[PDB]
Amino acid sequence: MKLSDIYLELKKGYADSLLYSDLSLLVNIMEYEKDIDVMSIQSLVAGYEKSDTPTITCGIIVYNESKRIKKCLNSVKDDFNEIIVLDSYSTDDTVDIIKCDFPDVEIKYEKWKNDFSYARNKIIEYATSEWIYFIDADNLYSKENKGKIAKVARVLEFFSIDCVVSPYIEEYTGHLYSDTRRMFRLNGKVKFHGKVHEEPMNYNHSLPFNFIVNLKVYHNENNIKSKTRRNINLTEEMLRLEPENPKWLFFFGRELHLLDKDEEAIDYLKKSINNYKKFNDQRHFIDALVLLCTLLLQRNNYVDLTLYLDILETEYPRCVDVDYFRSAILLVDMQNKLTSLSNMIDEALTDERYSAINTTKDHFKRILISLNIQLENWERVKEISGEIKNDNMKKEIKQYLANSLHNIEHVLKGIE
């Protein structure tokens, strides 16, 4: 059997049950290709209510998080049995904000070596439970996960599936990450690797299966500039060890972008993309393509965007962002068609050629306003709008300029 099959058989067969109820916190089930050996589907829902419920501990590593450690721990101090904060010798409060308001949370210490894995890996060895789940301090643990976490541990042990576990992280942007690898069995197998952009690897160097489970965490400045300068130092390091690695070329390339060094980021993204072709962990391959495409787009480099676009479209055909960059290009072509039309109208007006409608060629000025407003070309519309030579056209334009003046401050009203 495949876990996929087991879930189906449990749908019409045993949707009554608890094994079912708790197996539906697993999003990711049709991805699990390993045989789960079973000899009776009936004995299984029955043996699941007899199953042990495991212990989860919650590891947080903090530096100067005076601003956000309170809301963080509040989200989380009721959902675990043991919470371990790992102070890297904060210069501000943090430590004592924790000590009075949160009496039950262990506080430990560790000087910062420039290694998120070493820190993270301390809390692993300090931790007493039999699963761990990591959460960072600017993050917040949805009210919705109440009583759900250990249910996820329980099923995965009940089938004894080896995996790390990703909840959904929702960016403050609303962007929703699902390769987060934040929870895993505390059983000697599996330890963080990497000075930065670290993730749990099962220690034969690995790459464990990832259950996306149905748990959620939410956000809680222009200190992005701060954090990024910190990480690029670490990323460039990790990359100099493996200078041809597509993941590291992309990671570095990305942070270069974040430090607006876009021309240099495009080079690393172009190299990352060449190297993913024949390379096994293709997880961030898409992230390189859609970033190189936006940067190429932002530099009005349509030929190279089209080339990379065809790659994104053949390598990931069900990615909607292909349709995004194609739209963006048509809309560019339309701008030029508008401009070219604005330009033959000017060429027309400057002949000897007479008008039978309005000898003042003043109806042409209706189209040219219309057409340069559309092009956002207020420079040239303000102009054209003086060259008008008649009251009742002027009378016509100002009354139409107002009804859109007031349609704007109507939509501008009800956003913020």
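Numbering starts at 1 and runs along the sequence shown.
- Gap check for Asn220 to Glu221: 4 to 9 deposited residues are absent from the model.
- Higher mean CA temperature factor, per the PDB entry, when comparing 150-158 with 239-247: 150-158.
- The mean Cα B-factor in the deposited entry runs higher for 407-415 than for the other of 407-415 and 1-9.
- For the set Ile60, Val38, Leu26, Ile373, the PDB entry assigns the largest Cα B-factor to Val38.
- Among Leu312, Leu140, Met334, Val95, the highest C-alpha B-factor recorded in the PDB entry belongs to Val95.
- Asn377: CA B factor in the middle third of modelled residues in this chain (values from the PDB entry).
- The PDB entry assigns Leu176 a C-alpha temperature factor belonging to the lowest third of its chain's modelled residues.
- Among the modelled residues of the chain, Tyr118 sits in the middle third by CA temperature factor in this PDB entry.
- When all modelled residues of the chain are sorted by CA temperature factor, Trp131 is found within the middle third.
- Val76: CA B factor lies in the highest third for its chain, per the PDB record.
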